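Enquirer: One file: my_file18.txt (compact mmCIF, N, CA, C and O atoms).
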```txt
# COMPACT_ATOMS: atom_id res chain seq x y z
N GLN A 1 -59.19 -72.73 5.90
CA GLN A 1 -60.32 -71.81 5.70
C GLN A 1 -61.20 -72.23 4.51
O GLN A 1 -62.37 -71.87 4.46
N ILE A 2 -60.66 -73.03 3.58
CA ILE A 2 -61.41 -73.58 2.44
C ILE A 2 -62.17 -74.84 2.88
O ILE A 2 -61.83 -75.97 2.57
N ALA A 3 -63.25 -74.61 3.62
CA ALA A 3 -64.28 -75.58 4.00
C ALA A 3 -65.64 -74.86 4.07
O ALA A 3 -65.67 -73.63 4.15
N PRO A 4 -66.79 -75.56 4.03
CA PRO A 4 -68.10 -74.93 4.11
C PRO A 4 -68.25 -74.18 5.43
O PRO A 4 -67.93 -74.73 6.49
N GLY A 5 -68.74 -72.94 5.39
CA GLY A 5 -68.99 -72.14 6.59
C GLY A 5 -67.76 -71.93 7.49
O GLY A 5 -67.73 -72.43 8.60
N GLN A 6 -66.77 -71.17 7.01
CA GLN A 6 -65.55 -70.78 7.76
C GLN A 6 -65.23 -69.29 7.58
O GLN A 6 -65.80 -68.62 6.72
N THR A 7 -64.35 -68.75 8.43
CA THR A 7 -63.99 -67.33 8.51
C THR A 7 -62.48 -67.11 8.59
O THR A 7 -61.74 -67.94 9.12
N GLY A 8 -62.03 -65.98 8.07
CA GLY A 8 -60.64 -65.56 7.89
C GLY A 8 -60.51 -64.65 6.66
O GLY A 8 -61.45 -64.54 5.87
N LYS A 9 -59.36 -63.99 6.46
CA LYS A 9 -59.14 -63.03 5.36
C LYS A 9 -59.53 -63.57 3.99
O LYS A 9 -60.24 -62.90 3.24
N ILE A 10 -59.13 -64.81 3.69
CA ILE A 10 -59.50 -65.48 2.44
C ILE A 10 -60.99 -65.83 2.43
O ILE A 10 -61.71 -65.39 1.54
N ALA A 11 -61.46 -66.58 3.42
CA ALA A 11 -62.83 -67.08 3.41
C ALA A 11 -63.91 -66.02 3.64
O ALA A 11 -65.09 -66.36 3.54
N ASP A 12 -63.59 -64.77 3.97
CA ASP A 12 -64.57 -63.68 4.12
C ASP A 12 -64.54 -62.62 3.02
O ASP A 12 -65.60 -62.23 2.54
N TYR A 13 -63.36 -62.14 2.63
CA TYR A 13 -63.22 -61.03 1.68
C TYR A 13 -62.77 -61.47 0.28
O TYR A 13 -62.78 -60.65 -0.64
N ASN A 14 -62.34 -62.72 0.12
CA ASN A 14 -61.62 -63.16 -1.08
C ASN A 14 -62.30 -64.32 -1.83
O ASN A 14 -62.37 -64.25 -3.06
N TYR A 15 -62.76 -65.37 -1.16
CA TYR A 15 -63.52 -66.48 -1.76
C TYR A 15 -64.19 -67.33 -0.68
O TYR A 15 -63.49 -67.92 0.16
N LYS A 16 -65.52 -67.42 -0.68
CA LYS A 16 -66.31 -68.00 0.41
C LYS A 16 -67.16 -69.20 -0.03
O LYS A 16 -67.79 -69.15 -1.08
N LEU A 17 -67.24 -70.24 0.80
CA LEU A 17 -68.04 -71.44 0.55
C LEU A 17 -69.32 -71.43 1.42
O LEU A 17 -69.23 -71.17 2.62
N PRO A 18 -70.51 -71.72 0.85
CA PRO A 18 -71.75 -71.83 1.62
C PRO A 18 -71.70 -72.93 2.69
O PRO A 18 -71.06 -73.96 2.52
N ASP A 19 -72.47 -72.75 3.77
CA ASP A 19 -72.65 -73.75 4.83
C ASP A 19 -73.35 -75.03 4.32
O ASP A 19 -73.40 -76.05 5.01
N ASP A 20 -73.92 -74.98 3.12
CA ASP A 20 -74.59 -76.06 2.40
C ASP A 20 -73.99 -76.26 1.00
O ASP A 20 -74.68 -76.66 0.05
N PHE A 21 -72.69 -75.99 0.86
CA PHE A 21 -71.90 -76.51 -0.25
C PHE A 21 -71.98 -78.04 -0.27
O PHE A 21 -71.67 -78.71 0.72
N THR A 22 -72.38 -78.59 -1.42
CA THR A 22 -72.35 -80.03 -1.69
C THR A 22 -71.19 -80.32 -2.63
O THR A 22 -71.22 -79.90 -3.79
N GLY A 23 -70.15 -81.02 -2.15
CA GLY A 23 -68.92 -81.22 -2.92
C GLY A 23 -67.70 -81.53 -2.06
O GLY A 23 -67.83 -81.92 -0.90
N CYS A 24 -66.50 -81.50 -2.67
CA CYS A 24 -65.24 -81.78 -1.95
C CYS A 24 -64.10 -80.77 -2.33
O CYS A 24 -64.13 -80.17 -3.40
N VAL A 25 -63.13 -80.62 -1.43
CA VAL A 25 -61.98 -79.69 -1.52
C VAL A 25 -60.67 -80.47 -1.60
O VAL A 25 -60.48 -81.44 -0.88
N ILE A 26 -59.79 -80.05 -2.51
CA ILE A 26 -58.56 -80.76 -2.87
C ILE A 26 -57.41 -79.75 -3.00
O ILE A 26 -57.58 -78.72 -3.65
N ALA A 27 -56.24 -80.04 -2.44
CA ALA A 27 -55.07 -79.16 -2.55
C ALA A 27 -53.73 -79.91 -2.59
O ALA A 27 -53.56 -80.97 -1.98
N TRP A 28 -52.76 -79.34 -3.28
CA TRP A 28 -51.40 -79.86 -3.45
C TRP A 28 -50.39 -78.71 -3.51
O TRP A 28 -50.71 -77.62 -3.96
N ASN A 29 -49.16 -78.94 -3.06
CA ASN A 29 -48.10 -77.94 -3.14
C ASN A 29 -47.67 -77.70 -4.60
O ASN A 29 -47.68 -78.60 -5.44
N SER A 30 -47.24 -76.47 -4.89
CA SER A 30 -46.72 -76.05 -6.20
C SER A 30 -45.47 -75.16 -6.10
O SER A 30 -45.05 -74.57 -7.09
N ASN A 31 -44.79 -75.15 -4.95
CA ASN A 31 -43.49 -74.48 -4.75
C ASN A 31 -42.44 -74.82 -5.82
O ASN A 31 -41.61 -73.99 -6.19
N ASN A 32 -42.48 -76.06 -6.32
CA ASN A 32 -41.54 -76.61 -7.29
C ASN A 32 -42.05 -76.50 -8.75
O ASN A 32 -41.57 -77.21 -9.64
N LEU A 33 -43.07 -75.66 -9.00
CA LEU A 33 -43.87 -75.63 -10.24
C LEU A 33 -44.29 -74.18 -10.60
O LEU A 33 -43.93 -73.69 -11.66
N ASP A 34 -45.00 -73.49 -9.70
CA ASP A 34 -45.36 -72.08 -9.79
C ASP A 34 -44.21 -71.20 -9.29
O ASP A 34 -44.16 -70.00 -9.38
N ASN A 35 -42.31 -66.11 -6.31
CA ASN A 35 -43.27 -65.57 -7.27
C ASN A 35 -44.24 -64.60 -6.57
O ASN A 35 -44.62 -64.82 -5.42
N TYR A 36 -44.69 -63.57 -7.30
CA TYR A 36 -45.62 -62.58 -6.74
C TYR A 36 -46.96 -62.48 -7.47
O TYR A 36 -47.88 -61.81 -6.99
N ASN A 37 -47.09 -63.13 -8.62
CA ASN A 37 -48.33 -63.10 -9.41
C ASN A 37 -49.58 -63.46 -8.58
O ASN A 37 -50.70 -63.07 -8.93
N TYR A 38 -49.35 -64.19 -7.49
CA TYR A 38 -50.39 -64.65 -6.59
C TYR A 38 -50.95 -63.58 -5.65
O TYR A 38 -50.54 -63.46 -4.50
N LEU A 39 -51.88 -62.80 -6.19
CA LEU A 39 -52.57 -61.75 -5.45
C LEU A 39 -53.77 -62.26 -4.65
O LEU A 39 -54.53 -63.13 -5.10
N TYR A 40 -53.97 -61.67 -3.47
CA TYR A 40 -55.07 -61.91 -2.55
C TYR A 40 -55.48 -60.59 -1.88
O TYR A 40 -54.72 -59.62 -1.87
N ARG A 41 -56.70 -60.50 -1.39
CA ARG A 41 -57.30 -59.27 -0.86
C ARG A 41 -57.20 -59.23 0.66
O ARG A 41 -57.52 -60.22 1.33
N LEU A 42 -56.80 -58.09 1.20
CA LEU A 42 -56.72 -57.83 2.64
C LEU A 42 -58.02 -57.28 3.22
O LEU A 42 -58.39 -57.66 4.33
N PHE A 43 -58.72 -56.39 2.50
CA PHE A 43 -59.89 -55.67 3.04
C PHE A 43 -61.04 -55.59 2.04
O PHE A 43 -60.82 -55.66 0.83
N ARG A 44 -62.24 -55.32 2.57
CA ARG A 44 -63.47 -55.17 1.79
C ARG A 44 -64.56 -54.41 2.59
O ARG A 44 -64.59 -54.50 3.81
N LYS A 45 -65.43 -53.67 1.89
CA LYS A 45 -66.51 -52.90 2.55
C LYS A 45 -67.42 -53.76 3.44
O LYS A 45 -67.95 -53.29 4.44
N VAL B 1 -109.84 -73.03 35.60
CA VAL B 1 -109.14 -71.77 35.40
C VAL B 1 -107.68 -71.90 35.82
O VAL B 1 -106.79 -71.52 35.06
N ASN B 2 -107.42 -72.53 36.96
CA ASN B 2 -106.08 -72.81 37.44
C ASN B 2 -105.31 -73.70 36.47
O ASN B 2 -104.19 -73.35 36.12
N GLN B 3 -105.87 -74.81 35.98
CA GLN B 3 -105.15 -75.70 35.08
C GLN B 3 -104.79 -75.06 33.75
O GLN B 3 -103.68 -75.25 33.28
N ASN B 4 -105.68 -74.28 33.15
CA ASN B 4 -105.34 -73.59 31.92
C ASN B 4 -104.25 -72.55 32.17
O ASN B 4 -103.33 -72.43 31.38
N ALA B 5 -104.32 -71.80 33.27
CA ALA B 5 -103.36 -70.75 33.58
C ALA B 5 -102.00 -71.27 34.03
O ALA B 5 -100.98 -70.66 33.70
N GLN B 6 -101.94 -72.41 34.71
CA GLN B 6 -100.70 -73.11 35.02
C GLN B 6 -100.08 -73.73 33.77
O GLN B 6 -98.86 -73.69 33.62
N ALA B 7 -100.88 -74.26 32.85
CA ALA B 7 -100.37 -74.77 31.58
C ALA B 7 -99.79 -73.65 30.72
O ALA B 7 -98.67 -73.77 30.24
N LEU B 8 -100.48 -72.51 30.58
CA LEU B 8 -99.97 -71.33 29.87
C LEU B 8 -98.75 -70.69 30.56
O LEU B 8 -97.92 -70.12 29.87
N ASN B 9 -98.61 -70.78 31.88
CA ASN B 9 -97.37 -70.37 32.56
C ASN B 9 -96.22 -71.32 32.25
O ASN B 9 -95.16 -70.86 31.87
N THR B 10 -96.42 -72.63 32.37
CA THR B 10 -95.36 -73.59 32.05
C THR B 10 -94.92 -73.44 30.60
O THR B 10 -93.73 -73.48 30.31
N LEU B 11 -95.84 -73.17 29.68
CA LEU B 11 -95.53 -72.99 28.27
C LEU B 11 -94.62 -71.79 28.02
O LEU B 11 -93.71 -71.87 27.20
N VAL B 12 -94.82 -70.67 28.71
CA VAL B 12 -93.96 -69.49 28.54
C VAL B 12 -92.64 -69.66 29.29
O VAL B 12 -91.59 -69.35 28.74
N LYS B 13 -92.66 -70.22 30.50
CA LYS B 13 -91.45 -70.54 31.26
C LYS B 13 -90.48 -71.39 30.45
O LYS B 13 -89.28 -71.16 30.51
N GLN B 14 -90.99 -72.29 29.61
CA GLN B 14 -90.17 -73.13 28.73
C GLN B 14 -89.50 -72.39 27.57
O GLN B 14 -88.62 -72.98 26.94
N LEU B 15 -89.79 -71.12 27.26
CA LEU B 15 -88.96 -70.36 26.31
C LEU B 15 -87.55 -70.13 26.87
O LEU B 15 -86.56 -70.22 26.13
N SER B 16 -87.49 -69.82 28.16
CA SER B 16 -86.33 -69.36 28.91
C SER B 16 -85.47 -70.50 29.45
O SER B 16 -84.52 -70.26 30.19
N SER B 17 -85.77 -71.74 29.08
CA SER B 17 -84.99 -72.95 29.36
C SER B 17 -83.99 -73.20 28.23
O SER B 17 -84.24 -72.87 27.08
N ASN B 18 -82.81 -73.76 28.53
CA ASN B 18 -81.71 -73.84 27.56
C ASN B 18 -81.83 -75.00 26.57
O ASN B 18 -81.26 -74.92 25.49
N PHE B 19 -82.43 -76.12 26.96
CA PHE B 19 -82.44 -77.38 26.20
C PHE B 19 -81.05 -77.86 25.73
O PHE B 19 -80.90 -78.55 24.73
N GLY B 20 -79.99 -77.47 26.45
CA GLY B 20 -78.59 -77.74 26.09
C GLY B 20 -78.00 -76.86 25.00
O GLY B 20 -76.89 -77.12 24.54
N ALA B 21 -78.69 -75.81 24.56
CA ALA B 21 -78.07 -74.71 23.83
C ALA B 21 -77.23 -73.85 24.78
O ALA B 21 -77.43 -73.84 25.99
N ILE B 22 -76.27 -73.09 24.25
CA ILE B 22 -75.36 -72.27 25.05
C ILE B 22 -76.02 -71.03 25.69
O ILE B 22 -75.44 -70.40 26.58
N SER B 23 -77.25 -70.68 25.30
CA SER B 23 -78.13 -69.71 25.97
C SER B 23 -79.60 -70.04 25.69
O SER B 23 -79.90 -70.67 24.69
N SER B 24 -80.51 -69.57 26.53
CA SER B 24 -81.95 -69.55 26.26
C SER B 24 -82.37 -68.42 25.32
O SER B 24 -83.45 -68.43 24.75
N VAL B 25 -81.52 -67.41 25.16
CA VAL B 25 -81.82 -66.21 24.38
C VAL B 25 -81.35 -66.41 22.95
O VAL B 25 -80.16 -66.58 22.69
N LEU B 26 -82.27 -66.31 21.99
CA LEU B 26 -81.98 -66.55 20.58
C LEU B 26 -81.02 -65.49 20.00
O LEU B 26 -80.17 -65.80 19.17
N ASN B 27 -81.07 -64.26 20.53
CA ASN B 27 -80.14 -63.17 20.21
C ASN B 27 -78.72 -63.33 20.78
O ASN B 27 -77.77 -62.87 20.16
N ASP B 28 -78.53 -64.05 21.90
CA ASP B 28 -77.17 -64.44 22.31
C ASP B 28 -76.57 -65.37 21.27
O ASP B 28 -75.49 -65.11 20.76
N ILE B 29 -77.29 -66.44 20.93
CA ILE B 29 -76.81 -67.42 19.96
C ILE B 29 -76.56 -66.77 18.60
O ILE B 29 -75.55 -67.08 17.97
N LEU B 30 -77.40 -65.84 18.16
CA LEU B 30 -77.18 -65.11 16.92
C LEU B 30 -75.96 -64.17 16.97
O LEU B 30 -75.18 -64.15 16.02
N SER B 31 -75.78 -63.38 18.03
CA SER B 31 -74.70 -62.37 18.08
C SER B 31 -73.34 -62.94 18.51
O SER B 31 -72.31 -62.50 18.00
N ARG B 32 -73.35 -63.96 19.37
CA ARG B 32 -72.11 -64.57 19.85
C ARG B 32 -71.45 -65.55 18.88
O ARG B 32 -70.22 -65.56 18.75
N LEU B 33 -72.25 -66.38 18.21
CA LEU B 33 -71.70 -67.39 17.29
C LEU B 33 -71.93 -67.05 15.81
O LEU B 33 -72.86 -66.33 15.45
N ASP B 34 -71.07 -67.58 14.95
CA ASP B 34 -71.22 -67.50 13.50
C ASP B 34 -72.19 -68.58 12.97
O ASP B 34 -72.25 -69.68 13.54
N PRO B 35 -72.90 -68.33 11.85
CA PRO B 35 -73.84 -69.25 11.20
C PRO B 35 -73.50 -70.76 11.10
O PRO B 35 -74.44 -71.56 11.21
N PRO B 36 -72.24 -71.21 10.95
CA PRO B 36 -71.93 -72.63 10.86
C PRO B 36 -72.20 -73.39 12.16
O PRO B 36 -72.55 -74.56 12.12
N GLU B 37 -71.99 -72.73 13.30
CA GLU B 37 -72.13 -73.28 14.65
C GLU B 37 -73.40 -72.79 15.33
O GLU B 37 -74.04 -73.56 16.03
N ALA B 38 -73.81 -71.55 15.07
CA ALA B 38 -75.05 -70.99 15.61
C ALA B 38 -76.27 -71.82 15.21
O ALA B 38 -77.09 -72.11 16.07
N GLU B 39 -76.38 -72.29 13.97
CA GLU B 39 -77.50 -73.14 13.55
C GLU B 39 -77.60 -74.44 14.34
O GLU B 39 -78.69 -74.88 14.68
N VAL B 40 -76.47 -75.05 14.71
CA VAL B 40 -76.46 -76.29 15.50
C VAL B 40 -76.86 -76.04 16.96
O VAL B 40 -77.41 -76.92 17.61
N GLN B 41 -76.67 -74.82 17.48
CA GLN B 41 -77.27 -74.39 18.75
C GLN B 41 -78.76 -74.03 18.60
O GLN B 41 -79.55 -74.47 19.42
N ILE B 42 -79.18 -73.32 17.56
CA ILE B 42 -80.59 -72.95 17.33
C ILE B 42 -81.48 -74.19 17.19
O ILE B 42 -82.53 -74.23 17.81
N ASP B 43 -81.06 -75.22 16.46
CA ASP B 43 -81.82 -76.48 16.36
C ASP B 43 -82.12 -77.12 17.74
O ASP B 43 -83.12 -77.82 17.86
N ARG B 44 -81.34 -76.85 18.79
CA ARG B 44 -81.64 -77.33 20.15
C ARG B 44 -82.78 -76.57 20.79
O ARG B 44 -83.65 -77.19 21.37
N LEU B 45 -82.81 -75.25 20.65
CA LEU B 45 -83.95 -74.46 21.09
C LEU B 45 -85.18 -74.74 20.24
O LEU B 45 -86.27 -74.81 20.79
N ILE B 46 -85.06 -74.95 18.93
CA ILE B 46 -86.22 -75.31 18.11
C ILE B 46 -86.79 -76.63 18.59
O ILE B 46 -87.97 -76.70 18.92
N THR B 47 -85.97 -77.68 18.70
CA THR B 47 -86.45 -79.02 19.08
C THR B 47 -86.96 -79.05 20.52
O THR B 47 -87.91 -79.75 20.81
N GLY B 48 -86.41 -78.23 21.41
CA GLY B 48 -86.93 -78.07 22.77
C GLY B 48 -88.29 -77.39 22.81
O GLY B 48 -89.24 -77.91 23.39
N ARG B 49 -88.40 -76.25 22.14
CA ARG B 49 -89.67 -75.53 22.09
C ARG B 49 -90.74 -76.41 21.44
O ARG B 49 -91.85 -76.55 21.95
N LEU B 50 -90.39 -77.01 20.31
CA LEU B 50 -91.27 -77.90 19.57
C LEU B 50 -91.72 -79.09 20.43
O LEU B 50 -92.91 -79.36 20.49
```
In structure tokens, write the structure found in this file.
Expert:
Amino acid sequence: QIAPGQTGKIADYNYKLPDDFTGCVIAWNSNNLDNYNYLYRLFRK
Amino acid sequence: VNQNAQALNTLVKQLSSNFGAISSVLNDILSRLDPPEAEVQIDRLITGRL
């Protein structure tokens, strides 16, 4: 869902990228490094 | 009179042609698809009309 112009609970109510984002997306696992502190949003007006 | 009126008929008839978009209706493309994919369908109707 973390790409320009996408939809889902994260990409709509929580953090959204423009269809004309100029840039790149990078991710790595942290299971062995970082639990409940990781909050995310289910709903929005 | 016939040539101007046939040209103005062909010009309006060409709104309702698909040009390889998923509909001829701009409101189908707007309501059915989301902005990331809808724009790539709208550019076909723009380039066709143009």
Enquirer: Around all of segment 22-31 of chain B's listed atoms, make the axis-aligned box with 3 Å on each side and tell me centre and edge lengths in Å to one decimal, as AutoDock Vina command-line options.
Expert:
```
--center_x -77.9 --center_y -67.7 --center_z 21.3 --size_x 17.1 --size_y 16.7 --size_z 16.6
```
Enquirer: Any chance you could tabulate, as CSV, the residues of chain A at most 7 Å from chain B with each one's nearest atom pair and distance in Å to one decimal, using only N, CA, C and O atoms, in chain and rising number order?
Expert:
```
residue,atom,partner,partner_atom,distance
A:4,O,B:36,CA,6.3
A:5,O,B:36,CA,4.8
A:6,N,B:36,CA,6.6
A:19,CA,B:36,CA,6.2
```
Enquirer: Could you pull out the helix (DSSP H, G or I) residues of segment 5-45 of chain B from DSSP and send them as a list in words?
Expert: residues 5, 6, 7, 8, 9, 10, 11, 12, 13, 26, 27, 28, 29, 30, 31, 32, 35, 36, 37, 38, 39, 40, 41, 42, 43, 44 and 45 of chain B
Enquirer: Write a file of the selected residues as a tab-separated table (two decimals), in the coordinates of the input, keeping N, CA, C and O atoms.
Expert:
```tsv
chain	number	residue	atom	x	y	z
B	5	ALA	N	-104.32	-71.80	33.27
B	5	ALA	CA	-103.36	-70.75	33.58
B	5	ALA	C	-102.00	-71.27	34.03
B	5	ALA	O	-100.98	-70.66	33.70
B	6	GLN	N	-101.94	-72.41	34.71
B	6	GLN	CA	-100.70	-73.11	35.02
B	6	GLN	C	-100.08	-73.73	33.77
B	6	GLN	O	-98.86	-73.69	33.62
B	7	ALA	N	-100.88	-74.26	32.85
B	7	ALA	CA	-100.37	-74.77	31.58
B	7	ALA	C	-99.79	-73.65	30.72
B	7	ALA	O	-98.67	-73.77	30.24
B	8	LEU	N	-100.48	-72.51	30.58
B	8	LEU	CA	-99.97	-71.33	29.87
B	8	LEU	C	-98.75	-70.69	30.56
B	8	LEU	O	-97.92	-70.12	29.87
B	9	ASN	N	-98.61	-70.78	31.88
B	9	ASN	CA	-97.37	-70.37	32.56
B	9	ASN	C	-96.22	-71.32	32.25
B	9	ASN	O	-95.16	-70.86	31.87
B	10	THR	N	-96.42	-72.63	32.37
B	10	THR	CA	-95.36	-73.59	32.05
B	10	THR	C	-94.92	-73.44	30.60
B	10	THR	O	-93.73	-73.48	30.31
B	11	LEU	N	-95.84	-73.17	29.68
B	11	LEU	CA	-95.53	-72.99	28.27
B	11	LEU	C	-94.62	-71.79	28.02
B	11	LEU	O	-93.71	-71.87	27.20
B	12	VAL	N	-94.82	-70.67	28.71
B	12	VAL	CA	-93.96	-69.49	28.54
B	12	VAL	C	-92.64	-69.66	29.29
B	12	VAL	O	-91.59	-69.35	28.74
B	13	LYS	N	-92.66	-70.22	30.50
B	13	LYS	CA	-91.45	-70.54	31.26
B	13	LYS	C	-90.48	-71.39	30.45
B	13	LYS	O	-89.28	-71.16	30.51
B	26	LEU	N	-82.27	-66.31	21.99
B	26	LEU	CA	-81.98	-66.55	20.58
B	26	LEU	C	-81.02	-65.49	20.00
B	26	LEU	O	-80.17	-65.80	19.17
B	27	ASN	N	-81.07	-64.26	20.53
B	27	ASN	CA	-80.14	-63.17	20.21
B	27	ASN	C	-78.72	-63.33	20.78
B	27	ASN	O	-77.77	-62.87	20.16
B	28	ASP	N	-78.53	-64.05	21.90
B	28	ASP	CA	-77.17	-64.44	22.31
B	28	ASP	C	-76.57	-65.37	21.27
B	28	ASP	O	-75.49	-65.11	20.76
B	29	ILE	N	-77.29	-66.44	20.93
B	29	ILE	CA	-76.81	-67.42	19.96
B	29	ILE	C	-76.56	-66.77	18.60
B	29	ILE	O	-75.55	-67.08	17.97
B	30	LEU	N	-77.40	-65.84	18.16
B	30	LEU	CA	-77.18	-65.11	16.92
B	30	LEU	C	-75.96	-64.17	16.97
B	30	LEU	O	-75.18	-64.15	16.02
B	31	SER	N	-75.78	-63.38	18.03
B	31	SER	CA	-74.70	-62.37	18.08
B	31	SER	C	-73.34	-62.94	18.51
B	31	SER	O	-72.31	-62.50	18.00
B	32	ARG	N	-73.35	-63.96	19.37
B	32	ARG	CA	-72.11	-64.57	19.85
B	32	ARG	C	-71.45	-65.55	18.88
B	32	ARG	O	-70.22	-65.56	18.75
B	35	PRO	N	-72.90	-68.33	11.85
B	35	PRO	CA	-73.84	-69.25	11.20
B	35	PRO	C	-73.50	-70.76	11.10
B	35	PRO	O	-74.44	-71.56	11.21
B	36	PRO	N	-72.24	-71.21	10.95
B	36	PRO	CA	-71.93	-72.63	10.86
B	36	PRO	C	-72.20	-73.39	12.16
B	36	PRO	O	-72.55	-74.56	12.12
B	37	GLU	N	-71.99	-72.73	13.30
B	37	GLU	CA	-72.13	-73.28	14.65
B	37	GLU	C	-73.40	-72.79	15.33
B	37	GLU	O	-74.04	-73.56	16.03
B	38	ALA	N	-73.81	-71.55	15.07
B	38	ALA	CA	-75.05	-70.99	15.61
B	38	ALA	C	-76.27	-71.82	15.21
B	38	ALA	O	-77.09	-72.11	16.07
B	39	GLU	N	-76.38	-72.29	13.97
B	39	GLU	CA	-77.50	-73.14	13.55
B	39	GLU	C	-77.60	-74.44	14.34
B	39	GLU	O	-78.69	-74.88	14.68
B	40	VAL	N	-76.47	-75.05	14.71
B	40	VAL	CA	-76.46	-76.29	15.50
B	40	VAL	C	-76.86	-76.04	16.96
B	40	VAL	O	-77.41	-76.92	17.61
B	41	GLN	N	-76.67	-74.82	17.48
B	41	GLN	CA	-77.27	-74.39	18.75
B	41	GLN	C	-78.76	-74.03	18.60
B	41	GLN	O	-79.55	-74.47	19.42
B	42	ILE	N	-79.18	-73.32	17.56
B	42	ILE	CA	-80.59	-72.95	17.33
B	42	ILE	C	-81.48	-74.19	17.19
B	42	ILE	O	-82.53	-74.23	17.81
B	43	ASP	N	-81.06	-75.22	16.46
B	43	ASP	CA	-81.82	-76.48	16.36
B	43	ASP	C	-82.12	-77.12	17.74
B	43	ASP	O	-83.12	-77.82	17.86
B	44	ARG	N	-81.34	-76.85	18.79
B	44	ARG	CA	-81.64	-77.33	20.15
B	44	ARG	C	-82.78	-76.57	20.79
B	44	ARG	O	-83.65	-77.19	21.37
B	45	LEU	N	-82.81	-75.25	20.65
B	45	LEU	CA	-83.95	-74.46	21.09
B	45	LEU	C	-85.18	-74.74	20.24
B	45	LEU	O	-86.27	-74.81	20.79
```
Enquirer: How far is it from atom CA of residue 39 of chain A to atom CA of residue 2 of chain A, in Å with one decimal?
Expert: 16.7 Å
Enquirer: Please, what distance in Å, to one decimal, runs between atom O of residue 6 of chain B and atom CA of residue 44 of chain B?
Expert: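 Computed distance, atom O of residue 6 of chain B to atom CA of residue 44 of chain B, equals 22.2 Å.
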Enquirer: If you measure from atom C of residue 23 of chain A to atom N of residue 1 of chain A, what distance in Å do you get, rounded to one decimal?
Expert: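 Atom-to-atom, atom C of residue 23 of chain A to atom N of residue 1 of chain A, that is 14.6 Å.
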Enquirer: Identify, on the basis of only C-alpha atoms, every residue whose closest approach to segment 11-25 of chain B does not exceed 12 Å; exclude the query and any residue fewer than 2 positions from it along the same chain; express the result as a list in words.
Expert: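 Near neighbours after the sequence-gap exclusion: residues 4, 5, 6, 7, 8, 9, 27, 28, 29, 30, 31, 32, 33, 37, 38, 39, 40, 41, 42, 43, 44, 45, 46, 47, 48, 49 and 50 of chain B.
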